[PDB]
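Position one of the sequence shown corresponds to residue 205 (mature numbering (1 follows the signal peptide of the UniProt record, and there is no 0)), numbered consecutively onward.
Only one structure is covered here, and it is reproduced in the block below.
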Amino acid sequence: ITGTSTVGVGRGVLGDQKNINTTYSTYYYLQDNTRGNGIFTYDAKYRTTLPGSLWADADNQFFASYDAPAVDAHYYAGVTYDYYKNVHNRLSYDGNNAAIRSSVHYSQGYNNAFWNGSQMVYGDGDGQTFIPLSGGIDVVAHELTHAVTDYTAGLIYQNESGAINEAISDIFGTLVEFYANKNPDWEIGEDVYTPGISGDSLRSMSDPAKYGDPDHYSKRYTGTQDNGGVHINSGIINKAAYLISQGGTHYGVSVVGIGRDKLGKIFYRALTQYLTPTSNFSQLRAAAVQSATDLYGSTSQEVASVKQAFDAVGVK
Ligand SMILES: N[C@@H](Cc1c[nH]c2ccccc12)C(=O)O
Ligand SMILES: [Ca+2]
Ligand SMILES: [Ca+2]
Ligand SMILES: [Ca+2]
Ligand SMILES: [Ca+2]
Ligand SMILES: [Zn+2]
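Here you go:
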């Protein structure tokens, strides 16, 4: 909409108060004019028609239960935008300040979220498996990272290419969570998953086998479900990214950690410079090794640690 930039206030899915950039024209809309070509949050009104209607509010206060998912989708899209801008000098997902659009209250009891090619979409969960999914900063960043991937490597969503695509979203979703610095960890979706169970999540990057996911190439899923195990074999890459950052000894192979910022730099460079739509794990190893070489030098600890991490997960 055309209007005046304003700042509203509400509460997110987890009861936390936060300010949100809005636009005033008769109503206050969830439209942040401060970030690129804007951040727009919509209400899917429990239907599956997208995007739905640009979120409108009479008084610029967003403290209703129904408001909560919108507040977070809007806010966390903005934090994710800041991350890519401040950390990687990337302007929105296309690198050209593309408008970022999100819809909440997608369908009824919908236990997922997604990038649809055009926008992020969030279910409300069924209240047992999930609460509204935009409540997880790593979930939001995960979904918006799919758009980054679409515009860069274009990793195809199947098999090894797709498991890399998934891992990239888990990796940057996690790095955004650390950037925002609110209860950061190496698990995925812990903030919105299973409101009746403490300390679980959908996936773990530090120990993927915790939730049934492979942590070594020998344990890769080779079947056809989940597009050839894209959310399953991502555990192999997530584990490598975790080791690169934090270090550790995994199946007897030792990795010296180089930290989250270097992990991000190396994987961001691999993603934007070397990965292609059909890149496999082995080609990802080469991309990451070359990326660390470009950044730190062929004889650097950083290159050695990337090599150790891929060795540790059996990716040569
Ligand atoms: N996003 C993952 C994991 C996931 C989230 N919600 C789910 C509900 C059912 C099965 C898997 C999931 C997927 O789509 O596979
Ligand atoms: Ca209101
Ligand atoms: Ca967390
Ligand atoms: Ca997390
Ligand atoms: Ca839980
Ligand atoms: Zn994903």
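We treat Cβ as the ideally placed atom computed from N, Cα and C, and that holds for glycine.
Coil, strand or helix - residue i by DSSP
i, result
"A268", "coil"
"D220", "coil"
"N290", "helix"
"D247", "strand"
"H454", "strand"
"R305", "strand"
"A474", "helix"
"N316", "coil"
"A274", "helix"
"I392", "strand"
"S449", "helix"
"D498", "helix"
"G463", "coil"
"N225", "strand"
"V344", "helix"
"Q235", "strand"
Cut-off 6 Å between Cβ atoms - residues of its own chain near residue i, not counting five sequence neighbours on either side
i, result
"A413", "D419"
"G393", "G340, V343, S405 and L406"
"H278", "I224, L234 and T245"
"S373", "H346, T349 and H350"
"residue 165", "The shown model of the chain, from 205 to 520, leaves out residue 165, and the question about it has no answer."
"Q362", "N431 and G432"
"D411", "none"
Residue environment, residue i, which counts as buried when at least 16 other CB atoms sit within 10 Å
i, result
"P273", "buried"
"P255", "buried"
"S322", "exposed"
"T284", "buried"
"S486", "exposed"
"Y455", "exposed"
"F267", "exposed"
"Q512", "buried"
"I401", "exposed"
"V493", "buried"
"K443", "buried"
"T453", "exposed"
CB-CB length for residue i against residue j, believed under 8 Å
i, j, result
"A516", "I441", "Rounded, the Cβ-Cβ distance is 12 Å, inconsistent with contact."
"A317", "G242", "Actually they are not in contact, since the Cβ atoms of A317 and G242 sit about 21 Å apart, beyond 8 Å."
"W319", "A351", "5 Å"
"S311", "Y250", "7 Å"
"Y355", "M409", "Not quite, the Cβ-Cβ distance comes to about 24 Å (not below 8 Å), so this is no contact."
"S338", "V217", "7 Å"
"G468", "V291", "6 Å"
Neighbourhood of residue i by C-beta distance below 8 Å, restricted to the same chain and skipping five residues each side
i, result
"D271", "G214, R215 and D261"
"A490", "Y478"
Residue i CB to nearest heavy atom of ligand 2 below 7 Å
i, result
"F266", "yes"
"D328", "no"
"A262", "yes"
Any non-hydrogen atom of ligand 1 within 7 Å of residue i CB
i, result
"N431", "no"
"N316", "yes"
"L406", "yes"
"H435", "yes"
Residue i: CB within 7 Å of a non-hydrogen atom of ligand 5
i, result
"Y397", "yes"
"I335", "no"
Check: residue i C-beta below 7 Å from any heavy atom of ligand 3
i, result
"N442", "no"
"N387", "yes"
"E506", "no"
Any non-hydrogen atom of ligand 4 closer than 7 Å to residue i Cβ
i, result
"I392", "yes"
"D247", "no"
"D342", "yes"
"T349", "no"
"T284", "no"
Cβ-based neighbour list, residue i, same chain, cut-off 7 Å, excluding 5 preceding and 5 following
i, result
"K289", "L295"
"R464", "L379, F382 and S449"
"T480", "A357"
Proximity test, residue i beta-carbon vs ligand 6 heavy atom, cut-off 7 Å
i, result
"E364", "no"
"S373", "yes"
"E381", "no"
"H309", "no"
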